[PDB]
Every structure is written in structure tokens, then in C-alpha cells.
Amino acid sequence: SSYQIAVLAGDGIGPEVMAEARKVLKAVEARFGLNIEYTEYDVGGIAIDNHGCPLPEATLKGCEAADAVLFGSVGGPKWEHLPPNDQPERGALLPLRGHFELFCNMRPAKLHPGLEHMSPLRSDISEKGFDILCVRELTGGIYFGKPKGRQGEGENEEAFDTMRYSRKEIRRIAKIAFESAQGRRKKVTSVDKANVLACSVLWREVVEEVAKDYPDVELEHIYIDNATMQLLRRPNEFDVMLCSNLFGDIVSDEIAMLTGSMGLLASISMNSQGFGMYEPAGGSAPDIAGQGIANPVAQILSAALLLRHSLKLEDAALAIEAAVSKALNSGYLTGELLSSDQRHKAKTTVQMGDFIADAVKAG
């Protein structure tokens, strides 16, 4: 029968980049003979506007019915005044990850051939290339530990957060990182702060337990502060990074910016049953919404990753990725990936999606 995908475009540039993803997906469906049905739901600011909250119960029910979620991005100035709790990102993302038990986040990032000069790294460093998959534990640690809150008053008012991890939680995310490394370059770098945090001591211990089953994968451990330095100096030496929730938030961002090409980057958030949400690493960029200049590649690649990881449609995911590569390598670029003297030749969001969709067809 039909695959089912819930589409949660969100705010800002979400809807316009989503239209291009839907356009490429349709080419893929025709080429591979796939029956996929789509249903659309509000989330983030458009959900606050139509329903009073950023994650409506009907949107949760709709995601629950689907095999995966193709997600855009949420947030905008319209909602920034609200309490931390009621806002599009915190109010939709954290509840979605807890609700669907999405303990696995994967952010692939590489310098694409021919676009290494976009990196903010010195040219002798960026020309060496890099390709780093960040595996981040997404439903544990300090994001969801209890107790959390505040007590007390005046100068003695105090807040607290609790970072907690169990062996079962660390084992499952570490297995993902070692499995991923087996299909890449067989190296995992686990990022922790084991000279300070009890949680990191246990993290490092359990990752060493898991690593016994993968002797052909090199394991190394690095402290979070040093990691931010070593990603500047030698990013070509890392393959998979394995991080807790807070340290993976930080490392994946630094690596994303090291690409210089964040409009290409996508994010996988998956549970143990293979259900997942797939979305650009970049945000809703409300400053360019509706101008038709946003780079749709991150949203289109989020759809390829949805086909590979949730639907196990490997050839279909490969086809989208090949088509994107063709556009980038043929220099068919949106404006943020061009120099100021070439920027007048930027391709629009629609031109990009048209090229990519045509390439999937042409086979």
C-alpha cells in the first residue's frame, strides 16, 4: 500500500522550500513507481496563529499516523515576545522529540566539491575537504533531565537543571555512531567532558563497552572545549562524531558553519522504530520569505534522507542526491553561494527545484 508522509512546512521560507521538495519528490515517485500520500499540518508560528499553540494535538495525531515527517522550519519575529515555553522552536521541537522518542539525531555535513572556498577556514585548510557526520543523542541529558526549575528569592533565588544519562540511553546512540562509521571511514570521535561531568564519565565508559563489538572502527575521545579547536585545525581527520544532547547541539553547529554552505545541510531525527522527522539544519530565515531566493537544497535533501532512513528507499534517495550534485557541480547556484561580482546570476528557489526535478526525471 501507500507510504504516508506528514508535511509540516512551518514558518518563513519553510513553505517555499517545501514546494520544491514536493516537486522533486513527485519526479522521484514517477521514476521509481512509488505510491506516497501526503498530508499537511500546521506547526510553529502558523500553528500558534491558527490554533493557539505551536504543536497542536491534531498535528501530533497526524504525525503519529504517518510513516515519517518532512519538516520545514519554525520561528520568526512575530512570536519572539512570548514566554520561552510558548514559542515555535522550543514549544514544537523539544515536545516533538520527547513525544516520538526521537533519540537519534544525525547531521551530515561536507564541503561540496567546487564550493570549498565558501568555508570560513583558511584556504589551505578548506581545500583539503571534510565530511563529518554528527550523531547527537536527542532525548536525554540536560535537555529533559529532572529536577529542573527554580526556587528561592532575591539574591538567593537559584535555578537548576539536571543532566542524566543511563547505560541503555548511551548504548543505543553509540551503536548508531559505530554502525554509521562502518559504512563510512570506520572512525568515531566521542565528544565529552569526562574530566568534569559524571555523565561524561559514564558516557565514555559505555562508548568503550559498545566499541568492543566494532574492533575495526577507530575510537577516540575528545573533550568538548578541545573539539571546538580541533575542528578548526584538522576537520579532514574526523569521520563520525558521537555526542550527548548539549555537546551535539554545539559541535553540529560549529561544523555546519565550517562548511560555509548551510543552505545545503539537512537533519535526521529518528526513533527506534524507524519513524523520523527530516528537516533543514538552517532556520526559517523570515528576512527572505516569499522572495523566492532561499536555497531549497536543504529541504530537498531532507526528503532524500526521509526516503533512505524512514522508508528504506535507497535508490530513490540516491537519485535525489545525484540530481542535487548535478545542479551544484554545473554551477546552478542560489545567491548566497556566489561571490558579490557573480551574485547577479543567482538562481531562484523555483529555478533550483526545476533543475533538480528535471534531473531526477532524465535519470
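A residue's number is simply how far along the shown sequence it sits, counting from 1.
Higher average CA B factor: 142 to 150, of the stretches 103 to 111 and 142 to 150.
In this entry, the higher average B-factor at the C-alpha atoms falls on 93 to 101, of the pair 239 to 247 and 93 to 101.
Considering 323, 27, 58, 305 together, the PDB entry gives 27 the largest C-alpha B factor. If you compare the C-alpha temperature factors of 301, 68, 327, 48 in the entry, 48 comes out highest. Among the modelled residues of its chain, residue 182 has a C-alpha B-factor that falls in the middle third according to the deposited record. Sort the chain's modelled residues by C-alpha temperature factor and residue 275 lands in the middle third, per the entry. In this PDB entry, residue 284 carries a Cα temperature factor that places it within the highest third of its chain's modelled residues.
Sort the chain's modelled residues by C-alpha temperature factor and residue 192 lands in the lowest third, per the entry. Among all modelled residues in its chain, residue 232 ranks in the middle third by Cα B-factor.
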